[PDB]
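Asks: Questions regarding the structure given below will be posed in turn.
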Amino acid sequence: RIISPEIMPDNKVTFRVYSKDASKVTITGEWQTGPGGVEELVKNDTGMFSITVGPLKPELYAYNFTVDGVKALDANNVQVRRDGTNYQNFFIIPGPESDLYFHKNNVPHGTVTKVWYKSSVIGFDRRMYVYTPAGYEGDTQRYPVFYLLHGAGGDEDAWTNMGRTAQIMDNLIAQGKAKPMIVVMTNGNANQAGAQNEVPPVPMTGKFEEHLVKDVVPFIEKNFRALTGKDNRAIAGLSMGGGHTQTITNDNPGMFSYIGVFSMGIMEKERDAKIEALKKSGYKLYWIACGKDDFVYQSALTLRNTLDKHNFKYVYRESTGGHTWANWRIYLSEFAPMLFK
Amino acid sequence: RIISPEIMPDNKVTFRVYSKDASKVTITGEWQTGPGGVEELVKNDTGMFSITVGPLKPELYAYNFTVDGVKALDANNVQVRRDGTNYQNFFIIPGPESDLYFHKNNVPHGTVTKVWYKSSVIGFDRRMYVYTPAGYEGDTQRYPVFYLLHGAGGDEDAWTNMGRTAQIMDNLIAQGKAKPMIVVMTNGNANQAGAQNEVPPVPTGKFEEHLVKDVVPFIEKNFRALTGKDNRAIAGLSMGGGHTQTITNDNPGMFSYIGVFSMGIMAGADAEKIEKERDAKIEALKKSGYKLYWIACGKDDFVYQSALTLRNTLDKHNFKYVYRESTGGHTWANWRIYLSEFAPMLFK
Ligand SMILES: O[C@@H]1[C@@H](O)[C@H](O[C@@H]2CO[C@@H](O)[C@H](O)[C@H]2O)OC[C@H]1O
Ligand SMILES: O[C@@H]1[C@@H](O)[C@H](O)OC[C@H]1O
């Protein structure tokens, strides 16, 4: 039996790959410096390649191997994630910064529902994922709703798979840090019916955004025990989805009171008029989060300046790092506790 | 820029792996006969390894590569399944025998819900998957319920992932071949809270007792379920076919449609006393008003003789069943076939 990864008491991590045939086995992982920082495993006489890295800071880290030039996952690690077409293994180093990302056996767990709905706007049925809080079943309580949008290359599975949304929400809700809430994760690619690993291509500017308001929101409010109205609605998205969030809220002032723009910036006289209408809409939070090293940083500054021009109040969270799921998990973790308060 | 697998118009399939630095790439796949059936890809002078196999009969086939002694999936194939800890790619050769396994864009799709429930019997909360038929949302109709159980090594994700349950049910229901129904896929491992790829380990007869005392009431409370035996079906494969027998034998009159896939006689205590209890349970079930007892098994399965022993014992009791013998053995290919044939029989 081969243990890989093996997390040590000092948060070093050992990885192992067996092969007497292979010449070179490397590992690519999210703790590394960059492409030049790929690391080579050391082969012993027995055929075992191994490497120990770290100590690593608490976080979720994805990785894979490369065996004589071919990508290979870690067959001894059952934890596998998917980012579009890119599959990688992962592990989580325990500690304060990663604690919300674990699936804990002593925490009540919310349901994840993969549900299809008709779309009058797009013209074919589409799939979304809906998280409901623990204890939703068997009760009559109604809950506010948070619409959570992915970026380019993603799909309705991404926020749970890459973003650990079910764990983050289970843990925040159980800890009393976020209110119980329904989280709705749409597929933001209007040409798709659902995630490409399960749903084939179907045999469009503005259509996703229009469909969220005209098709998704009514379906959620009809088919789930949802509170209604702007103070019970939140919306956030990353990158492309942060653009969707702006378009949706700019075009529908007074529909969402909690608005989050993750790793995205600006995308006219119409623009200024829509800011003025949104400014007067009674919103409660406009939260902009971006990493200092993200290529979109300057565009996010332009967004902030454009809001400043209108004396439009927002909160800005600048973080370390760049355009990564590590940052998007952090942003979700910080934004969800702000909602519906 | 690399297509792999490339399914050709004649149902041959080409696989490709690129690396100038690799020495040997082989492929392991379900069209092969045994471990000595692994096949070597041929390397061209530009670093592309390739092989063309087939023609293959219509079916879903899983596969992976081995690169210089290390398992590797096909990075150009987004279709990946999981059997416990074993991940493999797959593809589906179109044709009559595989058509139900495709996700079709012109077919209404049922919801798959991953829901947690308290278990008084097991003592901690557990996860199951529930399929509801297309159009469940937004309507008031109630639906009969089919409990579908996996075997050893599986979990509540297996029947949808390995078994293509959502596609089979969507397609059968849309074609009018099976009635709209709720399909409940439990985790049959009483020591687990949920599937090992998502849920960590937790700090007998318990599964079977919990299905009746915890799962069924939760489904009937929280889903729009018709109830009573004529609205209730249960089937399972291997270990889950054993669970199916134990549950139905211990609760005669609770299920009208019973499916035993790739499983035979249950082990028991003296040999005679076991047979007396077994006889009594057969007789009570015989008189229970059930509608269908369906036994399906591959002729090459190790369990074949035990399933024959079961059939012979039922014959001795004049207990009416239907037997479906198939080609092949103890495989998800057969379990998909069995689901595809059993679901159209239910609730009619
Ligand atoms: O899930 C997607 C991420 O994978 C994507 O990340 C970008 C991918 O291309 C690289 O060149 C960029 O550096 C990297 O940020 O971001 C969008 C998200 O939807
Ligand atoms: O891998 C198979 C498993 O999925 C099933 O549960 O029992 C038989 C095994 O061969």
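Here's how to read the names in the structure tokens: chain A, B, ... by the order shown, residue numbers from 1 in each chain, ligand numbers from 1 in the order shown.
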Which protein, DNA or RNA residues have an atom within 8 Å of ligand 1, counting only C-alpha atoms and all ligand atoms, as a VMD selection string?
Replies: chain A and resid 83 to 84 150 to 154 158 162 238 to 240 294 322 to 325
Asks: Near chain A, meaning an atom within 7 Å, which residues of chain B appear when counting only C-alpha atoms? Write them as a list in words.
Replies: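 Going by the stated atoms only, the list reads residues 19, 21, 22, 68, 69, 70, 71, 72, 73, 78, 79, 85, 103, 105, 109, 111, 112, 113, 114, 115, 116, 137, 138, 197, 199, 202 and 222 of chain B.
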Asks: Would you put the residues from that selection into a file with N, CA, C and O atoms, as an mmCIF file, in the first residue's frame?
Replies:
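Result written to part.cif:
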```cif
data_model
loop_
_atom_site.group_PDB
_atom_site.id
_atom_site.type_symbol
_atom_site.label_atom_id
_atom_site.label_comp_id
_atom_site.auth_asym_id
_atom_site.auth_seq_id
_atom_site.Cartn_x
_atom_site.Cartn_y
_atom_site.Cartn_z
ATOM 1 N N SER B 19 3.746 12.319 -26.249
ATOM 2 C CA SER B 19 4.945 12.638 -25.488
ATOM 3 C C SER B 19 6.186 12.170 -26.226
ATOM 4 O O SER B 19 6.349 10.975 -26.482
ATOM 5 N N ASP B 21 8.988 12.096 -24.847
ATOM 6 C CA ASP B 21 9.867 11.533 -23.833
ATOM 7 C C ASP B 21 9.410 10.189 -23.296
ATOM 8 O O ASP B 21 10.147 9.570 -22.525
ATOM 9 N N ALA B 22 8.219 9.732 -23.646
ATOM 10 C CA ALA B 22 7.752 8.455 -23.137
ATOM 11 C C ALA B 22 8.262 7.322 -24.013
ATOM 12 O O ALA B 22 8.479 7.486 -25.216
ATOM 13 N N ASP B 68 4.810 4.231 -19.285
ATOM 14 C CA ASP B 68 6.061 3.857 -18.630
ATOM 15 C C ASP B 68 5.803 3.346 -17.214
ATOM 16 O O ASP B 68 6.464 3.736 -16.246
ATOM 17 N N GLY B 69 4.808 2.464 -17.106
ATOM 18 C CA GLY B 69 4.491 1.775 -15.881
ATOM 19 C C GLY B 69 3.555 2.483 -14.925
ATOM 20 O O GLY B 69 3.279 1.935 -13.853
ATOM 21 N N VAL B 70 3.064 3.674 -15.261
ATOM 22 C CA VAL B 70 2.209 4.459 -14.376
ATOM 23 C C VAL B 70 0.833 4.624 -15.020
ATOM 24 O O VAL B 70 0.725 5.033 -16.181
ATOM 25 N N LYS B 71 -0.220 4.348 -14.257
ATOM 26 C CA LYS B 71 -1.567 4.598 -14.751
ATOM 27 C C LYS B 71 -1.741 6.065 -15.122
ATOM 28 O O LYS B 71 -1.331 6.966 -14.390
ATOM 29 N N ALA B 72 -2.369 6.303 -16.261
ATOM 30 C CA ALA B 72 -2.684 7.659 -16.674
ATOM 31 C C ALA B 72 -4.031 7.666 -17.367
ATOM 32 O O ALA B 72 -4.305 6.812 -18.215
ATOM 33 N N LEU B 73 -4.863 8.628 -16.997
ATOM 34 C CA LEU B 73 -6.090 8.856 -17.723
ATOM 35 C C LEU B 73 -5.814 9.609 -19.019
ATOM 36 O O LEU B 73 -4.704 10.072 -19.290
ATOM 37 N N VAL B 78 -12.971 14.282 -21.503
ATOM 38 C CA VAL B 78 -13.588 14.821 -20.301
ATOM 39 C C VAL B 78 -14.461 13.815 -19.563
ATOM 40 O O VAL B 78 -14.828 14.052 -18.405
ATOM 41 N N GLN B 79 -14.797 12.692 -20.187
ATOM 42 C CA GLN B 79 -15.670 11.705 -19.560
ATOM 43 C C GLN B 79 -14.843 10.805 -18.650
ATOM 44 O O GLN B 79 -13.999 10.029 -19.119
ATOM 45 N N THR B 85 -12.517 3.829 -5.447
ATOM 46 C CA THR B 85 -11.297 4.605 -5.626
ATOM 47 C C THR B 85 -10.726 4.521 -7.035
ATOM 48 O O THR B 85 -9.700 5.154 -7.305
ATOM 49 N N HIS B 103 -26.821 10.979 -22.476
ATOM 50 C CA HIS B 103 -27.518 12.178 -22.061
ATOM 51 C C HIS B 103 -27.923 12.932 -23.318
ATOM 52 O O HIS B 103 -27.067 13.455 -24.034
ATOM 53 N N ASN B 105 -29.954 15.884 -25.443
ATOM 54 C CA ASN B 105 -30.405 17.252 -25.220
ATOM 55 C C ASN B 105 -31.878 17.464 -25.550
ATOM 56 O O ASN B 105 -32.456 18.471 -25.120
ATOM 57 N N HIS B 109 -35.111 16.237 -18.378
ATOM 58 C CA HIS B 109 -34.200 15.603 -17.429
ATOM 59 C C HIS B 109 -34.679 15.696 -15.989
ATOM 60 O O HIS B 109 -35.043 16.777 -15.513
ATOM 61 N N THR B 111 -34.261 15.572 -11.844
ATOM 62 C CA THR B 111 -33.346 16.098 -10.845
ATOM 63 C C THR B 111 -32.640 14.972 -10.109
ATOM 64 O O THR B 111 -33.225 13.919 -9.837
ATOM 65 N N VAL B 112 -31.375 15.215 -9.774
ATOM 66 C CA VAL B 112 -30.620 14.364 -8.865
ATOM 67 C C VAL B 112 -30.302 15.194 -7.634
ATOM 68 O O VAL B 112 -29.653 16.241 -7.737
ATOM 69 N N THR B 113 -30.776 14.732 -6.484
ATOM 70 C CA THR B 113 -30.630 15.417 -5.210
ATOM 71 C C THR B 113 -29.716 14.607 -4.305
ATOM 72 O O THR B 113 -29.947 13.413 -4.098
ATOM 73 N N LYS B 114 -28.688 15.256 -3.783
ATOM 74 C CA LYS B 114 -27.752 14.647 -2.840
ATOM 75 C C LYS B 114 -28.152 15.154 -1.461
ATOM 76 O O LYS B 114 -27.850 16.296 -1.093
ATOM 77 N N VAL B 115 -28.877 14.323 -0.717
ATOM 78 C CA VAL B 115 -29.577 14.757 0.486
ATOM 79 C C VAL B 115 -29.095 13.952 1.688
ATOM 80 O O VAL B 115 -28.871 12.739 1.593
ATOM 81 N N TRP B 116 -28.950 14.637 2.821
ATOM 82 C CA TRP B 116 -28.556 14.030 4.083
ATOM 83 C C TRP B 116 -29.787 13.783 4.951
ATOM 84 O O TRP B 116 -30.768 14.526 4.897
ATOM 85 N N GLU B 137 -40.756 19.082 -10.378
ATOM 86 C CA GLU B 137 -40.844 20.446 -9.893
ATOM 87 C C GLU B 137 -41.970 21.177 -10.604
ATOM 88 O O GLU B 137 -42.091 21.121 -11.830
ATOM 89 N N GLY B 138 -42.793 21.860 -9.834
ATOM 90 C CA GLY B 138 -43.829 22.689 -10.407
ATOM 91 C C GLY B 138 -45.157 22.003 -10.579
ATOM 92 O O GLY B 138 -46.082 22.601 -11.145
ATOM 93 N N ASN B 197 -15.054 9.634 -1.775
ATOM 94 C CA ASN B 197 -14.363 10.696 -2.495
ATOM 95 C C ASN B 197 -14.741 12.076 -1.987
ATOM 96 O O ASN B 197 -14.062 13.051 -2.326
ATOM 97 N N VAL B 199 -16.585 12.353 1.500
ATOM 98 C CA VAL B 199 -16.964 12.291 2.906
ATOM 99 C C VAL B 199 -15.916 11.462 3.637
ATOM 100 O O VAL B 199 -15.654 10.326 3.236
ATOM 101 N N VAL B 202 -16.096 7.835 9.372
ATOM 102 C CA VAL B 202 -16.762 8.307 10.588
ATOM 103 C C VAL B 202 -16.039 7.795 11.830
ATOM 104 O O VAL B 202 -15.578 6.644 11.844
ATOM 105 N N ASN B 222 -40.545 13.698 2.713
ATOM 106 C CA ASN B 222 -39.888 14.836 2.082
ATOM 107 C C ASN B 222 -39.980 14.847 0.567
ATOM 108 O O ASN B 222 -39.566 15.831 -0.051
#
```
Asks: Could you write out, as a PyMOL selection string, all the residues of range 47-188 of chain A that DSSP marks as helix (DSSP H, G or I)?
Replies: chain A and resi 99-101+158-161+165-174
Asks: Let me see the file: selected residues, C-alpha atoms, as a short mmCIF file (atom, residue, chain, number, x, y, z; two decimals), in the first residue's frame.
Replies:
```
data_model
loop_
_atom_site.label_atom_id
_atom_site.label_comp_id
_atom_site.auth_asym_id
_atom_site.auth_seq_id
_atom_site.Cartn_x
_atom_site.Cartn_y
_atom_site.Cartn_z
CA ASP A 99 -10.81 24.99 8.13
CA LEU A 100 -13.96 26.00 6.26
CA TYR A 101 -12.97 23.83 3.28
CA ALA A 158 -17.61 24.65 -10.51
CA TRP A 159 -18.49 26.51 -7.31
CA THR A 160 -19.11 23.26 -5.42
CA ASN A 161 -16.24 21.33 -7.05
CA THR A 165 -19.18 25.83 -1.65
CA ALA A 166 -21.07 23.04 0.11
CA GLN A 167 -18.36 22.76 2.77
CA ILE A 168 -17.87 26.50 3.19
CA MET A 169 -21.62 27.06 3.53
CA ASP A 170 -22.19 24.05 5.79
CA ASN A 171 -19.40 25.23 8.06
CA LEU A 172 -20.26 28.94 8.07
CA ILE A 173 -23.93 28.23 8.76
CA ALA A 174 -23.19 25.69 11.48
#
```
Asks: So, counting only C-alpha atoms, which residue among A:195, A:225, A:289, A:40 is closest to residue 333 in chain A?
Replies: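 Smallest separation from residue 333 in chain A among the options: A:289.
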Asks: When DSSP is applied to the backbone of this structure, which of range 4-242 of chain A are assigned strand (DSSP E or B)? Write them out as a ChimeraX atom specification.
Replies: /A:6-7,13-18,25-29,39-40,42-43,48-53,59-67,70-72,80-83,86-93,111-117,126-132,143,145-149,182-185,226,233-238
Asks: Step by step, measure atom-to-atom distances between ligand 2 and each residue using only C-alpha atoms and all ligand atoms, keep those at most 10 Å, then write them as a ChimeraX atom specification.
Replies: /B:82-86,149-155,158-159,162-163,236-240,262,329-332,335
Asks: Please provide as a PyMOL selection string all residues within 10 Å of residue 284 in chain B, with the sequence filter that same-chain residues fewer than 5 positions apart are discarded (counting only C-alpha atoms).
Replies: chain B and resi 249-253+279+289
Asks: Atoms to include: N, CA, C and O atoms. Write the selected residues as a JSON list (two decimals), in the first residue's frame.
Replies:
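Printed below is part_32.json as written:
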```
[["chain", "number", "residue", "atom", "x", "y", "z"],
["B", 249, "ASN", "N", -37.52, -10.11, 2.85],
["B", 249, "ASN", "CA", -37.84, -11.26, 3.69],
["B", 249, "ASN", "C", -38.23, -10.84, 5.10],
["B", 249, "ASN", "O", -39.08, -11.49, 5.72],
["B", 250, "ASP", "N", -37.61, -9.78, 5.62],
["B", 250, "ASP", "CA", -37.91, -9.32, 6.97],
["B", 250, "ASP", "C", -39.13, -8.41, 7.02],
["B", 250, "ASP", "O", -39.64, -8.15, 8.11],
["B", 251, "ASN", "N", -39.61, -7.94, 5.87],
["B", 251, "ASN", "CA", -40.77, -7.04, 5.81],
["B", 251, "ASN", "C", -41.68, -7.52, 4.69],
["B", 251, "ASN", "O", -41.90, -6.82, 3.69],
["B", 252, "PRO", "N", -42.22, -8.73, 4.81],
["B", 252, "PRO", "CA", -43.11, -9.23, 3.76],
["B", 252, "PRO", "C", -44.31, -8.31, 3.61],
["B", 252, "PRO", "O", -44.87, -7.82, 4.59],
["B", 253, "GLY", "N", -44.69, -8.06, 2.37],
["B", 253, "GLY", "CA", -45.79, -7.17, 2.08],
["B", 253, "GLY", "C", -45.43, -5.71, 1.99],
["B", 253, "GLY", "O", -46.32, -4.88, 1.81],
["B", 279, "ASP", "N", -37.22, -21.16, 5.01],
["B", 279, "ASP", "CA", -38.50, -21.63, 4.50],
["B", 279, "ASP", "C", -39.65, -20.75, 4.98],
["B", 279, "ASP", "O", -40.55, -20.42, 4.20],
["B", 289, "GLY", "N", -48.58, -11.02, -1.61],
["B", 289, "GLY", "CA", -49.23, -10.21, -2.62],
["B", 289, "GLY", "C", -48.27, -9.46, -3.51],
["B", 289, "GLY", "O", -48.67, -8.51, -4.20]]
```
Asks: For each of A:5, A:243, A:253, A:188, take the minimum atom-to-atom distance to residue 281 in chain A, counting only C-alpha atoms, then give the residue where this is smallest.
Replies: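 Closest candidate: A:253.
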Asks: Which residue is closest to residue 226 in chain A? Choose from A:312, A:143, A:258, A:283 and count only C-alpha atoms.
Replies: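 Closest residue, counting only C-alpha atoms: A:143.
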Asks: Write out as a list in words each polymer residue whose atoms come within 7 Å of residue 245 in chain A, counting only C-alpha atoms; drop sequence neighbours fewer than 5 positions from it.
Replies: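 The neighbour list is residues 235, 236, 237 and 261 of chain A.
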Asks: Grab the CA of residue 303 in chain A to CA of residue 316 in chain A distance for me, in Å with one decimal place.
Replies: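 Going from CA of residue 303 in chain A over to CA of residue 316 in chain A covers 10.7 Å.
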